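Asks: Structure provided below as structure tokens; questions to follow.
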Number of protein chains: 4
Amino acid sequence: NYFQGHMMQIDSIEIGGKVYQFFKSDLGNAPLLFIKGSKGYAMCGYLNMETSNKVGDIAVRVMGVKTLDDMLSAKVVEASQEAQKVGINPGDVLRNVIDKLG
Amino acid sequence: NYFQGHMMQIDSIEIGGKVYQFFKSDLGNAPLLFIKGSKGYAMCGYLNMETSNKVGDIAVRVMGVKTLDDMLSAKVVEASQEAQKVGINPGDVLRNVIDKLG
Amino acid sequence: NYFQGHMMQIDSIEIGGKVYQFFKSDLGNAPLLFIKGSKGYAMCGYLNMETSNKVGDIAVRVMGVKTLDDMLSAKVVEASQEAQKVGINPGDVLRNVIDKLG
Amino acid sequence: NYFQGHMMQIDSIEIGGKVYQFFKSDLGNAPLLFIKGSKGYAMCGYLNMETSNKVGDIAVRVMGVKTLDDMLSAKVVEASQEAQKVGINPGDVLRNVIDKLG
């Protein structure tokens with residue numbers, strides 16, 4: 001009876017006693033989604049890690065994700081320099097290092 | 001693995017060639033949801049119709065809804081004075097008069 | 001160069017060590033805005049207090065507000081039964097009792 | 001009296017009779033912002049153009065932007081392959097080609 005032109009989800013989640021903002025929106029042929037804490041963030045494949053490094057962010061990039069669950073179970077593909085300084089490296093499962101983004 | 005403290009959904013939908021904004025968020029023991037067009041809006045039971053009338057809105061109030069589908073199939077319980085002026089009355093199925101809110 | 005058909009603001013704020021979700025959106029001739037905590041919420045004049053009481057919410061209604069600052073400095077006009085049980089009463093300045101909504 | 005941990009703005013704007021979704025959110029040391037139409041999107045420096053090309057999006061990347069106005073007046077730094085196919089090229093002012101994203 002209707003057409004959905006655009007969809008967005010904004011959720012406040014708590015992990016290990018820390019609060020994070022999960023966002024998901026249609027963007028292109030793939031959706032855009034990220035999880036942001038007070039210290040850093042994790043984002044899907046649309047994230048340009050060169051930009052994260054340029055501005056000194058604590059950031060991680062994951063790929064092939066469509067949901068919050070997928071992100072938490074996904075392995076970090078790229079970690080920013082500031083993220084590596086706090087122990088986050090490519091290969092880590094996001095759920096295991098998300099605490100460092102809060 | 002996580003706790004959802006708050007959830008929000010924002011969707012842009014098209015009906016009869018008109019664009020509307022559907023919003024749903026946790027609020028209390030019942031969720032808050034509304035559909036807004038360029039001319040007026042429809043909202044769940046949390047809407048105070050006295051306020052809508054006070055400020056001259058074209059507004060309709062529906063009850064017992066939790067989703068967009070529920071709202072569109074719900075019957076108008078209260079219609080603002082400006083809404084009644086354009087033909088909307090209690091009893092009308094929202095889907096049948098939503099065009100007047102765009 | 002463009003026309004703003006609809007505007008929405010979603011902010012995560014911290015007060016007294018507690019996290020709250022502030023939301024503001026165009027709705028009718030007056031905007032819709034609320035502040036929600038884990039236990040209850042405060043909303044502008046569009047809130048139907050009868051509904052809040054019906055579903056057992058801890059809720060407060062304020063009037064004549066357009067911004068977060070206005071809400072925090074506004075006096076509670078109506079307090080739900082559950083809100084009154086925890087000490088919130090009409091006349092209280094929201095900022096002084098917001099802690100009870102988290 | 002309060003601390004803003006996270007801020008987000010979601011606006012529905014109309015340009016040349018077409019509807020677009022403007023989004024802005026805190027992310028890292030730079031904000032995240034994009035404008036999305038029914039056919040494609042424009043995003044700030046955080047956009048990974050390699051990803052846009054990988055999935056076949058009609059996308060443009062602009063830099064040094066913080067507001068909707070900045071984006072519309074900004075020059076396209078990178079254009080996806082599908083975007084170039086419809087005439088969009090690096091150097092174009094977004095406002096002058098946004099119609100092709102709707």
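Ligands are numbered from 1 in the order shown, residues from 1 within each chain, and chains are lettered A, B, ... in the order they appear in the structure tokens.
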With the cut-off set at 6 Å and counting only C-alpha atoms, tabulate each residue of chain B with an atom at most that distance from an atom of chain A, showing the nearest atom pair and its distance in Å to one decimal, ordered by chain and increasing number, as a tab-separated table.
Replies:
residue	atom	partner	partner_atom	distance
B:2	CA	A:15	CA	5.1
B:3	CA	A:14	CA	5.0
B:4	CA	A:13	CA	4.5
B:5	CA	A:12	CA	5.4
B:6	CA	A:12	CA	5.0
B:7	CA	A:11	CA	4.5
B:8	CA	A:10	CA	5.1
B:9	CA	A:9	CA	4.7
B:10	CA	A:8	CA	5.1
B:11	CA	A:7	CA	4.5
B:12	CA	A:6	CA	5.0
B:13	CA	A:4	CA	4.5
B:14	CA	A:3	CA	5.0
B:15	CA	A:2	CA	5.1
Asks: Using C-alpha atoms, can you write the selected residues to a file as a PDB file, in the first residue's frame?
Replies:
ATOM      1  CA  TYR B   2      24.096  -6.240  24.513  1.00  0.00           C
ATOM      2  CA  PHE B   3      21.156  -4.296  25.934  1.00  0.00           C
ATOM      3  CA  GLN B   4      18.909  -2.059  23.828  1.00  0.00           C
ATOM      4  CA  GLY B   5      18.159   0.990  25.951  1.00  0.00           C
ATOM      5  CA  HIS B   6      16.355   2.962  23.260  1.00  0.00           C
ATOM      6  CA  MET B   7      15.175   2.317  19.704  1.00  0.00           C
ATOM      7  CA  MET B   8      14.056   4.696  16.977  1.00  0.00           C
ATOM      8  CA  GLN B   9      12.939   4.227  13.388  1.00  0.00           C
ATOM      9  CA  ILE B  10      12.647   6.980  10.799  1.00  0.00           C
ATOM     10  CA  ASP B  11      11.254   6.067   7.401  1.00  0.00           C
ATOM     11  CA  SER B  12      10.398   8.102   4.338  1.00  0.00           C
ATOM     12  CA  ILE B  13       7.401   6.540   2.635  1.00  0.00           C
ATOM     13  CA  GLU B  14       5.437   7.403  -0.479  1.00  0.00           C
ATOM     14  CA  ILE B  15       1.672   7.016  -0.754  1.00  0.00           C
TER      15      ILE B  15
END
Asks: Counting only C-alpha atoms, what is within 8 Å of residue 92 in chain D, bar same-chain residues fewer than 4 positions away, as a PDB file with N, CA, C and O atoms, in the first residue's frame?
Replies:
ATOM      1  N   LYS D  75      32.774  21.367  -4.250  1.00  0.00           N
ATOM      2  CA  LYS D  75      33.050  20.757  -5.540  1.00  0.00           C
ATOM      3  C   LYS D  75      33.299  19.266  -5.362  1.00  0.00           C
ATOM      4  O   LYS D  75      33.943  18.840  -4.400  1.00  0.00           O
ATOM      5  N   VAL D  76      32.761  18.480  -6.287  1.00  0.00           N
ATOM      6  CA  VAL D  76      32.926  17.036  -6.267  1.00  0.00           C
ATOM      7  C   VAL D  76      34.412  16.726  -6.366  1.00  0.00           C
ATOM      8  O   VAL D  76      35.077  17.194  -7.289  1.00  0.00           O
ATOM      9  N   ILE D  88      28.362  13.360 -14.226  1.00  0.00           N
ATOM     10  CA  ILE D  88      28.977  13.985 -13.057  1.00  0.00           C
ATOM     11  C   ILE D  88      30.481  13.742 -13.046  1.00  0.00           C
ATOM     12  O   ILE D  88      30.940  12.607 -13.172  1.00  0.00           O
ATOM     13  N   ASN D  96      24.910  21.984  -8.618  1.00  0.00           N
ATOM     14  CA  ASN D  96      24.699  21.927 -10.059  1.00  0.00           C
ATOM     15  C   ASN D  96      24.439  20.531 -10.625  1.00  0.00           C
ATOM     16  O   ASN D  96      24.035  20.395 -11.781  1.00  0.00           O
ATOM     17  N   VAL D  97      24.666  19.495  -9.824  1.00  0.00           N
ATOM     18  CA  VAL D  97      24.447  18.135 -10.305  1.00  0.00           C
ATOM     19  C   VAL D  97      23.623  17.265  -9.363  1.00  0.00           C
ATOM     20  O   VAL D  97      23.399  16.089  -9.642  1.00  0.00           O
TER      21      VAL D  97
END
Asks: Just want the 10 Å neighbourhood of residue 79 in chain B, counted on only C-alpha atoms, with same-chain residues fewer than 4 positions away dropped. Output as a PyMOL selection string.
Replies: chain B and resi 42+49+52-53+57-62+83-85+87-92
Asks: Once you have the residues from the selection above, write them out as a tab-separated table (two decimals), in the first residue's frame, restricted to N, CA, C and O atoms.
Replies:
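Final output, saved to again_22.tsv:
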chain	number	residue	atom	x	y	z
B	42	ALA	N	-0.68	12.23	11.67
B	42	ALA	CA	-1.48	11.23	12.37
B	42	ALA	C	-0.55	10.72	13.47
B	42	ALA	O	0.63	10.49	13.23
B	49	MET	N	-5.17	15.66	21.62
B	49	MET	CA	-5.95	16.36	20.60
B	49	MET	C	-6.30	17.80	20.99
B	49	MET	O	-6.48	18.66	20.13
B	52	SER	N	-3.56	19.83	19.63
B	52	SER	CA	-3.64	19.94	18.18
B	52	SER	C	-4.67	21.00	17.80
B	52	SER	O	-4.44	21.80	16.88
B	53	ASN	N	-5.81	20.99	18.47
B	53	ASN	CA	-6.86	21.97	18.17
B	53	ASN	C	-6.43	23.36	18.60
B	53	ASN	O	-6.69	24.34	17.90
B	57	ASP	N	-3.78	22.64	14.17
B	57	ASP	CA	-3.22	21.60	13.31
B	57	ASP	C	-4.27	20.77	12.59
B	57	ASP	O	-5.42	20.69	13.02
B	58	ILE	N	-3.85	20.16	11.49
B	58	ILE	CA	-4.70	19.22	10.77
B	58	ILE	C	-4.10	17.95	11.37
B	58	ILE	O	-2.98	17.56	11.04
B	59	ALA	N	-4.83	17.32	12.28
B	59	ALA	CA	-4.32	16.14	12.95
B	59	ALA	C	-5.35	15.07	13.22
B	59	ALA	O	-6.54	15.35	13.40
B	60	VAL	N	-4.90	13.82	13.23
B	60	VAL	CA	-5.76	12.70	13.54
B	60	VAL	C	-5.06	11.83	14.58
B	60	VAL	O	-3.83	11.70	14.59
B	61	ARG	N	-5.86	11.26	15.47
B	61	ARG	CA	-5.34	10.41	16.53
B	61	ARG	C	-5.90	9.00	16.34
B	61	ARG	O	-7.10	8.84	16.10
B	62	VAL	N	-5.02	8.01	16.40
B	62	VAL	CA	-5.43	6.61	16.28
B	62	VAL	C	-4.94	5.91	17.54
B	62	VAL	O	-4.05	6.41	18.22
B	83	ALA	N	-8.88	19.30	10.48
B	83	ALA	CA	-8.94	18.04	9.75
B	83	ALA	C	-10.38	17.77	9.33
B	83	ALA	O	-10.64	17.29	8.22
B	84	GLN	N	-11.33	18.09	10.21
B	84	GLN	CA	-12.73	17.89	9.89
B	84	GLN	C	-13.16	18.81	8.76
B	84	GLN	O	-14.01	18.45	7.95
B	85	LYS	N	-12.56	20.00	8.71
B	85	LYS	CA	-12.89	20.96	7.66
B	85	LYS	C	-12.54	20.42	6.28
B	85	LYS	O	-13.16	20.80	5.29
B	87	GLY	N	-12.79	17.27	5.48
B	87	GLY	CA	-13.50	16.01	5.30
B	87	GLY	C	-13.13	14.81	6.13
B	87	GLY	O	-13.75	13.75	5.99
B	88	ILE	N	-12.13	14.94	7.00
B	88	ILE	CA	-11.71	13.82	7.84
B	88	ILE	C	-12.56	13.74	9.10
B	88	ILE	O	-12.72	14.73	9.82
B	89	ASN	N	-13.11	12.57	9.37
B	89	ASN	CA	-13.94	12.39	10.55
B	89	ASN	C	-13.63	11.10	11.30
B	89	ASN	O	-13.05	10.17	10.74
B	90	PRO	N	-14.00	11.05	12.59
B	90	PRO	CA	-13.76	9.87	13.41
B	90	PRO	C	-14.43	8.70	12.69
B	90	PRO	O	-15.55	8.83	12.19
B	91	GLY	N	-13.73	7.57	12.61
B	91	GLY	CA	-14.29	6.42	11.93
B	91	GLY	C	-13.59	6.12	10.63
B	91	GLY	O	-13.54	4.96	10.20
B	92	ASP	N	-13.05	7.15	9.99
B	92	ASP	CA	-12.34	6.96	8.72
B	92	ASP	C	-11.08	6.11	8.92
B	92	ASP	O	-10.40	6.23	9.93
Asks: Got a sec to tell me which of chain A DSSP assigns to strand (DSSP E), as a VMD selection string?
Replies: chain A and resid 3 to 15 18 to 25 32 to 36 41 to 43 59 to 61 78 to 79
Asks: What does the file look like for those residues with C-alpha atoms, as a short mmCIF file (atom, residue, chain, number, x, y, z; two decimals), in the first residue's frame?
Replies:
data_model
loop_
_atom_site.label_atom_id
_atom_site.label_comp_id
_atom_site.auth_asym_id
_atom_site.auth_seq_id
_atom_site.Cartn_x
_atom_site.Cartn_y
_atom_site.Cartn_z
CA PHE A 3 6.68 2.56 -0.92
CA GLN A 4 9.65 2.85 1.45
CA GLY A 5 11.99 5.40 -0.10
CA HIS A 6 14.41 5.60 2.81
CA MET A 7 14.89 3.78 6.11
CA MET A 8 16.94 4.67 9.17
CA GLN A 9 17.45 3.03 12.55
CA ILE A 10 19.00 4.69 15.58
CA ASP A 11 19.53 2.57 18.67
CA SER A 12 21.16 3.24 22.01
CA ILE A 13 22.81 0.06 23.23
CA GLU A 14 24.76 -0.82 26.34
CA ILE A 15 27.75 -3.16 26.34
CA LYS A 18 29.13 1.53 28.32
CA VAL A 19 26.66 3.30 26.04
CA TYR A 20 26.99 3.24 22.26
CA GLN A 21 24.98 4.64 19.37
CA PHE A 22 24.14 2.20 16.58
CA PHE A 23 23.04 3.72 13.29
CA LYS A 24 21.87 2.09 10.08
CA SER A 25 20.51 3.80 7.00
CA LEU A 32 25.51 2.42 5.88
CA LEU A 33 25.97 1.38 9.48
CA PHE A 34 28.20 2.30 12.38
CA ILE A 35 28.54 1.95 16.14
CA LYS A 36 29.86 5.00 17.96
CA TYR A 41 33.69 4.23 16.29
CA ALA A 42 33.33 1.16 14.08
CA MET A 43 31.86 1.47 10.60
CA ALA A 59 38.34 3.87 14.29
CA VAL A 60 37.81 0.36 12.98
CA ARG A 61 36.42 -0.76 9.64
CA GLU A 78 41.40 -2.03 9.22
CA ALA A 79 42.28 -0.24 12.45
#
Asks: Considering only helix (DSSP H, G or I) as DSSP defines it on the backbone, what residues of chain D qualify? List them as a PyMOL selection string.
Replies: chain D and resi 49-54+68-73+81-85+94-101
Asks: For residue 55 in chain C, find every residue with an atom within 10 Å (counting only C-alpha atoms), except residues of its own chain fewer than 3 positions away, and show them as a list in words.
Replies: residues 28, 29 and 30 of chain B; 50, 51, 52 and 58 of chain C
Asks: Would you work out the distance separating CA of residue 46 in chain B from CA of residue 82 in chain C, expressed in Å to one decimal?
Replies: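 Between CA of residue 46 in chain B and CA of residue 82 in chain C the gap works out to 16.4 Å.
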Asks: Could you check how far CA of residue 40 in chain B sits from CA of residue 102 in chain B, in Å to one decimal?
Replies: 6.6 Å
Asks: If you count only C-alpha atoms, which residues fall within 8 Å of residue 63 in chain C, apart from same-chain ones fewer than 3 positions away, as a PyMOL selection string?
Replies: chain C and resi 44-45+74+77
